[PDB]
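Chemist: I'd like to ask some things about the structure below.
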Amino acid sequence: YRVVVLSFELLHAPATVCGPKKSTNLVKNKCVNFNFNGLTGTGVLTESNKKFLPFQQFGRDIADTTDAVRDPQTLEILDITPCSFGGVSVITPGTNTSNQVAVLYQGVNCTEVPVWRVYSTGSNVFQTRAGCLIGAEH
Amino acid sequence: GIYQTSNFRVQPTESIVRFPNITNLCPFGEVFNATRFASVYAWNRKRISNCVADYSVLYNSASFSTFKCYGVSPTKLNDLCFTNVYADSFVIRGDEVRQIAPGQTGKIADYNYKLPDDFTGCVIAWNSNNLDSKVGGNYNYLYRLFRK
Amino acid sequence: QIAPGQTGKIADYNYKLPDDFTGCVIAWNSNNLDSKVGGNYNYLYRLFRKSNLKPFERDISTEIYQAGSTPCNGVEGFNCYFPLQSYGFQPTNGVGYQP
Amino acid sequence: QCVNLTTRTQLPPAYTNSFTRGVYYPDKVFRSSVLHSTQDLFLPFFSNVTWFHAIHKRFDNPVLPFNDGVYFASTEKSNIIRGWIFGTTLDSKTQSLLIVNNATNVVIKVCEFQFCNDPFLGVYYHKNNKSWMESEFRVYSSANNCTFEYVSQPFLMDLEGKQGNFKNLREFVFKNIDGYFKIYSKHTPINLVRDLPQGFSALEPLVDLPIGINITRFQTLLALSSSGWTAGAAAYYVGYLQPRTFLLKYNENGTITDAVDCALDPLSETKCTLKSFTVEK
Amino acid sequence: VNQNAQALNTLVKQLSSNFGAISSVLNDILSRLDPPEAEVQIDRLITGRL
Ligand SMILES: *[C@@H]1O[C@H](CO)[C@@H](O)[C@H](O)[C@H]1NC(C)=O
Ligand SMILES: *[C@@H]1O[C@H](CO)[C@@H](O)[C@H](O)[C@H]1NC(C)=O
Ligand SMILES: *[C@@H]1O[C@H](CO)[C@@H](O)[C@H](O)[C@H]1NC(C)=O
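Residue numbers (PDB author numbering), protein chains in the order written: chain A, 508 to 622, 633 to 655; chain B, 311 to 458; chain C, 409 to 507; chain D, 14 to 69, 77 to 244, 254 to 310; chain E, 952 to 1001.
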């Protein structure tokens, strides 16, 4: 019987053989949560034009927030943008007059409003500089 | 009037992960599938370091008579990683494969090769009768029977 | 491993205490009462599980466990075990190993 | 084999003023049109660095310490400096580390040697073949224990050259932090006689190694029967790093253009506290 | 304008401090400890940010 004994050790010195890394495909233009070489984040990725130096990997901002990354497998630059958020506002005349209301999604381009639902495509979607107004007529 | 409620968020959909184009494997073929190994009294020692180890292809293989690990669960070896690797290769009797466990007794476990009480590692053994056995008896393989 | 939040085989696979526990624990040795030199293998514990179980949950299923990647059927097979395992309860053992 | 060469003239140690040199990229981030304040091991501005040179009659290769990294500069031609040794004792009382740039390969390894007093490499000169042939390799006397080794691809590097002014301005900075040996480097074309110039240029990273041993001393290896020789004109300079705080200016392309030392003189301290390069009345 | 920009800037900048915990990234505390210990760290973080 031919026998072999492995006599490795754990967690006391800088590792030299590790091995276990696997990668999926790359997507674009939808808010996804990503992990680039231990850089964990969430946002939407786009094609950029920033000019990294050969030895640089990340990119940071004035407030020290990452906003650009380099794809490890193919050397290209990706720009990171957080996906949208905001508050919701209800415009109402008093309940003494009517039970009808309008809704304002402020600071959102309502090409993606849907993500109660009836007031998400109800009777109009009117775009104003303050956001998207639903339920009121221009 | 106008009132405020209910902040909202776009709620990301799918996940993604990337890592470097890892390609530098460890030469396991030179320690597992070598033409001839050493005897138990002179168990050969080979060091592996600075490479990529893939334990899946060896754990799923069933041709091995025994694959007993003690310091790590078999599935976790492909999720943790190490500082040094050393392989001790030898050949023994089919009936003494149970003595190689740490802390046991017997001629091999007490005269040739002992494993510490807190051994962290694994043992992989398989039968190779048709590889190095002859009708006349391959006496080149021998053990230790007498020791102080 | 009985105290809330602990980890290990018992606390992880068979008996789990919640983190907001409000109660007491009583434990005392019963070596001279239920330990036999032959071995009281009536006492079994679970060694393997697909995942940990919820607090104050009780598992009694005896379906065989699969360790390796390959699937298994029947009653026994390689790297596919009956998860239950019995203690070696004898009075001769050292401290702790007694019931 | 290793013998002592003593045919030299004697001079006292020389010092020189390092105006603005020895700035490297502390990390791998990218920035554009920004002023960032960093704390790290740098070479203080307008410091005095030790100066060694090999001329004609001089052969100077002593053992010097290695604490918190070092800035090693060389104004050279003909590639006369080749090697570097490191270790706590350099005498097989403890582990030892070796870097060499041979005429064929570049070799790196950690083992347990026993270095002579004056190890060196020796290249023969114009022995009827017009090819300075390297034949003397006297670094250690043995190699007992090894835990890691490596050797790169063979290549060809010329072992000949004579200029009235040194052309290669090679700057290197080495550090050893928590078991990682880090090497930053940069190369520059210069036309200067016997000094390190005035100017600004940053040092990119080149290598990281996971060695993990204690390093306290180092020594250089120089390119040269058992007595008598000829060393090409060359000069190297040594300076030491200290923990300081700098203000670094990144331009549009993310390449460092200028720096300010926040402990030299009060005006620089004011600049540093306002985070700008111009201060109003 | 200057004062407003500066106040907002420092607000954003206070998100990369420790306040005594192990790390300033919540995901690293969560993905390195057990829930009976990560709590004592997350509490420090939320206190500081509040
Ligand atoms: C207002 O009148 C203009 C024509 O001057 C027309 O184009 C526009 O659609 C009108 N707006 C609304 C809300 O009816
Ligand atoms: C540096 O060395 C030179 C050598 O002449 C000396 O004049 C100068 O005072 C020294 N400066 C410091 C700060 O040691
Ligand atoms: C920055 O790099 C671009 C090319 O990548 C070059 O055209 C430009 O001149 C550089 N910046 C400056 C200030 O020259």
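All C-beta atoms, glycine included, are put in the ideal place defined by N, C-alpha and C.
Give a single yes or no on whether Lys558/A has its beta carbon closer than 7 angstroms to a heavy atom of ligand 3.
Modeler: Here residue 558/A is taken as the residue at index 51 of the first sequence, counted from 1. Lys558/A: yes, Cβ under 7 angstroms from ligand 3.
Chemist: For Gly413/C, which residues in chain E fall below 8 angstroms Cβ to Cβ?
Modeler: Along the third sequence, one-based indexing puts residue 413/C at 5. Below the 8 angstroms Cβ cutoff, chain E contributes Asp985, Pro986 and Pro987 as neighbours of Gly413/C, in chain order.
Chemist: Taking 7 angstroms as the cut-off, is the C-beta of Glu281/D nearer than that to any heavy atom in ligand 3?
Modeler: Here the question's residue 281/D lines up with position 252 in the fourth sequence. At least one heavy atom of ligand 3 is nearer than 7 angstroms to the Cβ of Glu281/D, so yes.
Chemist: According to DSSP, which residues form a beta bridge with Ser161/D?
Modeler: Translated into the one-based positions of the fourth sequence, residue 161/D becomes position 141. Answer by DSSP bridge pairing: none, since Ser161/D is not bridged.
Chemist: What distance in whole Å lies between the Cβ atoms of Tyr505/C and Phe456/C, which are believed to be in contact at a cut-off of 8 angstroms?
Modeler: Locating residue 456/C in the third sequence gives position 48, counting from the first residue. Locating residue 505/C in the third sequence gives position 97, counting from the first residue. Actually they do not touch by this definition, with Cβ atoms about 21 angstroms apart.
Chemist: Report back the beta-carbon spacing between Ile418/B and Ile402/B to the nearest angstrom; my notes put them in contact at under 8 angstroms.
Modeler: Start at 1 with the first residue of the second sequence, and residue 418/B comes out as number 108. Start at 1 with the first residue of the second sequence, and residue 402/B comes out as number 92. Contact flag correct, Cβ pair sits at about 6 angstroms.
Chemist: Using only alpha-carbon positions, find the residue among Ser605/A, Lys535/A and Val597/A that is nearest to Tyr612/A.
Modeler: Position 105 of the first sequence, counted from the first residue, corresponds to residue 612/A. Residue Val597/A is the option with its Cα nearest to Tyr612/A.
Chemist: Using the Cα positions of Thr500/C and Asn448/C, report the straight-line distance between them to the nearest angstrom.
Modeler: If you number the third sequence from 1, residue 500/C lands on position 92. If you number the third sequence from 1, residue 448/C lands on position 40. Rounded to the nearest angstrom, the two C-alpha atoms are 13 angstroms apart.
Chemist: I need the residues with a C-beta less than 6 angstroms from some heavy atom of ligand 2; please give them in chain order.
Modeler: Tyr28/D and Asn61/D
Chemist: So that I know if they touch, is there some Cβ in chain A lying closer than 8 angstroms to that of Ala419/B?
Modeler: Residue 419/B sits at position 109 when you count from the first residue of the second sequence. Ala419/B does not count as touching chain A.
Chemist: Which residues in the same chain as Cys166/D place their Cβ atom closer than 6 angstroms to its Cβ, once the five residues preceding and following it in sequence are excluded?
Modeler: Reading the fourth sequence from its first residue, position 146 is the one you call residue 166/D. Closer than 6 angstroms at the Cβ level, and outside the excluded window around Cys166/D, lie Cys131.
Chemist: Would you mind reading off the limits of the beta strand (DSSP E) that contains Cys391/B?
Modeler: Here residue 391/B refers to the residue found at position 81 of the second sequence. Per DSSP, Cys391/B belongs to no beta strand (DSSP E) and is neither H nor E.
Chemist: I need the straight-line Cα distance from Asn280/D to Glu298/D, nearest angstrom please.
Modeler: Counting from one through the fourth sequence, the residue named residue 280/D turns up at place 251. Counting from one through the fourth sequence, the residue named residue 298/D turns up at place 269. Across the structure, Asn280/D and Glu298/D are spaced so that their CA atoms are roughly 22 angstroms apart.
Chemist: Could you check whether the Cβ of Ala372/B sits closer than 8 angstroms to any Cβ belonging to chain C?
Modeler: As a position in the second sequence, residue 372/B is number 62, starting the count at 1. Chain C, which has a Cβ nearer than 8 angstroms to the Cβ of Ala372/B, makes this yes.
Chemist: Can you tell me whether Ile105/D is helix, strand or coil according to DSSP?
Modeler: The count along the fourth sequence starts at 1 and reaches residue 105/D at position 85. Looking at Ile105/D - three-state DSSP - the assignment turns out to be strand.
Chemist: Do we get a CB-CB distance below 8 angstroms when we pair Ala435/C with the residues of chain B?
Modeler: Walking along the third sequence from the start, residue 435/C turns up at place 27. Not one chain B Cβ lies under 8 angstroms of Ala435/C.
Chemist: Report the option in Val503/C, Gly496/C and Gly502/C whose CA atom is closest to the CA atom of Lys444/C.
Modeler: Position 36 of the third sequence, counting from 1, holds the residue named residue 444/C. Nearest of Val503/C, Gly496/C and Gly502/C to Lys444/C, Cα basis: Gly496/C.
Chemist: So the candidates are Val62/D, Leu296/D and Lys41/D; which of them puts its Cα closest to the Cα of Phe559/A?
Modeler: Your numbering for residue 559/A matches position 52 in the first sequence. Cα-wise, what sits closest to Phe559/A is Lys41/D.
Chemist: Among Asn487/C, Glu471/C, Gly482/C and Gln414/C, whose alpha-carbon lies nearest the alpha-carbon of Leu984/E?
Modeler: Within the fifth sequence, residue 984/E is the residue found at index 33, counting from 1. Nearest option by C-alpha distance: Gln414/C.
Chemist: Using only CA atoms, which one of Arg44/D, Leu179/D, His69/D and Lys195/D lies nearest to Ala123/D?
Modeler: As a first step, residue 123/D must be located in the fourth sequence, where it is residue number 103. The shortest C-alpha separation from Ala123/D is found at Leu179/D.
Chemist: Output, in chain order, the set of chain E residues within a Cβ distance shorter than 8 angstroms of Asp427/C.
Modeler: Numbered from 1 along the third sequence, position 19 holds the residue referred to as residue 427/C. Correct list: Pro986 and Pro987.
Chemist: When you compare the CB positions of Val524/A and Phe392/B, do they come within less than 8 angstroms of one another, or not?
Modeler: One-based indexing of the first sequence puts residue 524/A at position 17. One-based indexing of the second sequence puts residue 392/B at position 82. Yes; because the gap between Cβ atoms is below 8 angstroms, this pair is in contact.
Chemist: Hey, could you find the ends of the alpha helix (DSSP H) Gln957/E is sitting in?
Modeler: Along the fifth sequence, one-based indexing puts residue 957/E at 6. Per DSSP, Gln957/E belongs to the alpha helix (DSSP H) from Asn953 to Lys964.
Chemist: When DSSP labels each residue in this structure, what does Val341/B get in the three-state scheme?
Modeler: Here residue 341/B refers to the residue found at position 31 when the second sequence is read from its first residue. Three-state result, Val341/B: helix.
Chemist: Which chain C residues are close to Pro384/B, counting only those with a beta carbon under 9 angstroms from its beta carbon?
Modeler: Here residue 384/B is taken as the residue at index 74 of the second sequence, counted from 1. Those are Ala475, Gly476 and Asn487, listed as they occur along chain C.
Chemist: Using three-state DSSP, classify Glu224/D as helix, strand or coil.
Modeler: Here residue 224/D is taken as the residue at index 204 of the fourth sequence, counted from 1. Strand.
Chemist: So, at 8 angstroms on beta carbons, what are the nonlocal neighbours of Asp442/B in its own chain, with the 5 sequence-adjacent residues on each side left out?
Modeler: Taking the second sequence and counting its residues from 1, one reaches residue 442/B at position 132. If we look at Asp442/B and ignore the five residues flanking it on each side, its Cβ neighbours are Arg346, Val401, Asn448 and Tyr451.
Chemist: When you compare the CB of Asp578/A with every CB in chain B, is at least one pair closer than 8 angstroms?
Modeler: If you number the first sequence from 1, residue 578/A lands on position 71. Chain B contact via Cβ: present.
Chemist: With DSSP collapsed to three states, give me the class of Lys300/D.
Modeler: Start at 1 with the first residue of the fourth sequence, and residue 300/D comes out as number 271. Note: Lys300/D maps to helix in three-state DSSP.
Chemist: List the endpoints of the continuous beta strand (DSSP E) containing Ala419/B.
Modeler: Your numbering for residue 419/B matches position 109 in the second sequence. Here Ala419/B belongs to no beta strand (DSSP E); instead the alpha helix (DSSP H) covers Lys417 to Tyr421.
Chemist: Between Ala475/C and the rest of its own chain, which residues show a CB-CB distance below 8 angstroms, the 5 nearest in sequence each way excluded?
Modeler: Locating residue 475/C in the third sequence gives position 67, counting from the first residue. Excluding sequence neighbours, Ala475/C sits near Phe456, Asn487, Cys488 and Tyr489.
Chemist: State whether the region 460-478 of chain C contacts the region 20-40 of chain D, with contact taken as three or more CB pairs (one from each stretch) at a distance under 8 angstroms.
Modeler: no
Chemist: Starting from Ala363/B, trace the alpha helix (DSSP H) both ways and give me its first and last residue.
Modeler: Here residue 363/B corresponds to residue number 53 of the second sequence, with the count starting at 1. It is not in any alpha helix (DSSP H) - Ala363/B carries neither H nor E in the DSSP assignment.
Chemist: Determine, using beta carbons only, whether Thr523/A comes closer than 8 angstroms to chain E.
Modeler: For the purposes of this step, residue 523/A is taken as the residue at position 16 of the first sequence. By this cut-off, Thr523/A is not an interface position.
Chemist: Given a cut-off of 8 angstroms on the beta-carbon distance, is the pair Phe58/D and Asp287/D in contact?
Modeler: In the fourth sequence, counting from the first residue as 1, residue 58/D sits at position 45. In the fourth sequence, counting from the first residue as 1, residue 287/D sits at position 258. No.
Chemist: Using a cut-off of 7 angstroms between C-beta atoms, extract the partners of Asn960/E located in chain A.
Modeler: Residue mapping note: residue 960/E aligns to position 9 of the fifth sequence, counting from 1. The contacting residues are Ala570.
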